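Before any questions on how it binds or moves, here is one chain, the form solved without the named molecule, in structure tokens.
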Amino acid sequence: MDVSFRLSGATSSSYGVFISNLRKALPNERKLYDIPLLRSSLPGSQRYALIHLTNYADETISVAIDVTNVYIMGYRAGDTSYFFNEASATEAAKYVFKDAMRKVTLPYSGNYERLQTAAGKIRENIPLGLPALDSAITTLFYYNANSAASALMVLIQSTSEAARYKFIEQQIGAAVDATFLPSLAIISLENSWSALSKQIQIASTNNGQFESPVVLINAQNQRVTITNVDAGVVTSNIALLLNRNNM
């Protein structure tokens, strides 16, 4: 299922609607504690979906994502496609944006470690919020190489991370006319998706108890250890689980 989000006239509601639609395009056979469990894997012809993003100036880029883990493989702007420099993207290039006659291989893979190095900035130094997304779209639309890395980090957190965590969704969506620097509470959630997903799956057959704790940071910068599905992050935050079979 194709989905989309328009910055022109965007509101907290319209962003919520978009995130809601993004989550819906992700297939799942089961749910654990009402949280959809993503597929272990899918055939190339079902593995990808597109996210059409339109900035204020009405310029649009299509972002390709792997629906089993919500990872961005690359994006398309007009007749040019852009793929991350990694095996995942190379594989996706065989299925998406195949009519784009210009194919560009970005100089980095899509993980934070690589991107932060290319950007010379870590996530916490990069503003988020709808206006941030607009600007990121612009730099990707015209491919402003020296700013693409940070822009991609804005794109990832505004889509992938937002889909995974309702909290991140709230924070980014509330920032309609201004931006903000992401808290460690947000970064913490982003860094712990695999772990939380794994522990919740184990918990489903381990009396609701985690095998290993997951440490997060709350809004007061204190470390909070998660050990069971009664934790708030499990009850009222995490909106998708990465399959144990799929990293």
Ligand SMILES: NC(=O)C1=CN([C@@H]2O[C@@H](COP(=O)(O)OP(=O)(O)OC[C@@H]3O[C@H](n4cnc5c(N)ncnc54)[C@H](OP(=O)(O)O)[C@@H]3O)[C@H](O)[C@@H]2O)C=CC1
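From 1 onward, residues are counted along the sequence shown.
The same protein has a further form, the form deposited with the named molecule bound, not shown here; the description that follows concerns it.
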request  = Flag this candidate site as yes only if 49, 98 and 105 all have a heavy atom within 4.5 Å of the named molecule in the bound PDB entry; otherwise mark no.
outcome  = no
key: the named molecule in the bound PDB entry: contacting segment from 217-225, 24-32, 64-72, 50-58, heavy atom within 4.5 Å   = 64-72
One residue of 201, 191, 183, 179 in contact with the named molecule, assessed in the bound PDB entry (non-hydrogen atom, 4.5 angstroms) = 191
query = So in the bound PDB entry, does any heavy atom of residue 156 sit within 4.5 Å of the named molecule?
reply = yes
request  = Indicate whether the named molecule has at least one heavy atom within 4.5 Å of a heavy atom of residue 111 in the bound PDB entry.
outcome  = yes
request  = Would you check, heavy atoms only and a 4.5 Å threshold, whether residue 84 touches the named molecule in the bound PDB entry?
outcome  = yes
task = Please check if residue 161 has a heavy atom lying within 4.5 Å of any heavy atom of the named molecule in the bound PDB entry.
result = yes
